[PDB]
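Okay, structure first, notes after.
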Amino acid sequence: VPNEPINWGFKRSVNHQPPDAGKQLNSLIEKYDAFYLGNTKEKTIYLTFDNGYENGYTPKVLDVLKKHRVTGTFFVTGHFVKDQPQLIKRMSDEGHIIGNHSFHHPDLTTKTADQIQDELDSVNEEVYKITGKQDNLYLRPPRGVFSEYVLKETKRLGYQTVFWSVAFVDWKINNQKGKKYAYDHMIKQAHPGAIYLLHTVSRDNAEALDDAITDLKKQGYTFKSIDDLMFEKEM
Ligand SMILES: CC(=O)N[C@@H]1[C@@H](O)[C@H](O)[C@@H](CO)O[C@@H]1O
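Per the authors' numbering, residue 24 is the first one in the sequence shown, and the count goes up by one each step.
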């Protein structure tokens, strides 16, 4: 199996229509049961987050999710778990899903199955030490980089690879654009079956999310979890 590195990417959504990664990604993605979209036949959105480190807003993000009773899926790294045990515990205690973003956040395509297995299981090990629980296995490739070998291998390891359909620059600390920037992206890029990828490190990301959920719901959107996405497609 091919180990050519691939960077997950796509032309952004337009006119609130789902985006498309093209035939090559779709075919490859489908081949290993990985996806970047949920059910596009309904006004549904799935919130996911990538957490590499804490910059002080995740608690507010969690309070916001609780307020709207929405279930998030947080993809954590080894450092994040080790550094924020209590946040990992709140995510757990509050009904949220904890995804895998690898322990050291390396370029998995440069790793061996032996290494990949440790990169992933060590995150679960730490999460369990803290929660005593373990979510279904979801993986988001560190740096968004992957390959057929990586997909195949991680799938062989029982992981469901989850990409995204909505993302923007809410992770540059040296240039935190404020509430409006993120809020508008979340409104403009919204489409049915959209899988959002957000970070909780930029200034006001929590308040923009708050307003975004508030308004997206007014527009008739229902927020579902990656577990819900999985269950509903099963049937
Ligand atoms: C912890 C963190 O910020 N993860 C990011 C991920 O969200 C993003 O898609 C990728 C490319 O920008 O780089 C990292 O993997």
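All C-beta atoms in this analysis are idealised placements derived from N, C-alpha and C, irrespective of residue type, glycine included.
DSSP, read as helix, strand or coil, puts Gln212 in coil.
Residue pairing from DSSP places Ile29 in a beta bridge opposite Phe169. Taking the C-beta atoms as reference points, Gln140 is found nearer than 8 Å to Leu180. In the three-state scheme derived from DSSP, where H, G and I count as helix and E and B as strand, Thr71 is classed as strand.
For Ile121, the uninterrupted beta strand (DSSP E) run begins and ends at 120 to 123, by DSSP.
Comparing alpha-carbon positions, the option among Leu143, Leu232, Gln47 lying closest to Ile121 turns out to be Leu143. Counting C-beta pairs closer than 8 Å gives fewer than three between the stretch 193 to 201 and the stretch 37 to 45, which falls short of the contact rule. Near ligand 1, meaning a beta-carbon closer than 7 Å to one of its heavy atoms, we find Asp73, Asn74, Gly75, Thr100, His124, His128, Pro165, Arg166, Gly167, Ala190, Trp194, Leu220, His222. Ranked by Cα distance from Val185, the first of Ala205, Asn38, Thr71, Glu27 is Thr71. The Cβ atoms of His222 and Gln40 do not sit closer than 8 Å to each other.
Apart from sequence neighbours up to five positions away, the residues of its chain that approach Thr132 with a beta-carbon distance below 8 Å are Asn26, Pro28, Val168, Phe169, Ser170, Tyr172, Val173, ordered along the chain.
Under the three-pair Cβ rule at 8 Å, the stretch 203 to 210 does not count as touching the stretch 50 to 60. The three-state secondary structure of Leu221, taken from DSSP, is strand.
Along the stretch 120 to 166, the alpha helix (DSSP H) occurs as fully enclosed runs of 4 or more residues at 136 to 154, listed in sequence order. Between the C-alpha atoms of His119 and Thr96 there is a straight-line separation of about 6 Å. Counting along the chain, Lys195 sits inside no alpha helix (DSSP H), nor does DSSP assign it H or E at all.
When Cβ pairs closer than 8 Å are counted between the two stretches, the stretch 218 to 235 is seen to touch the stretch 77 to 93, the count reaching three or more. For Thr237, the enclosing alpha helix (DSSP H) covers residues 228 to 241. When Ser225, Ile218, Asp234 are compared, the shortest CA-CA separation from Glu65 is found for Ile218.
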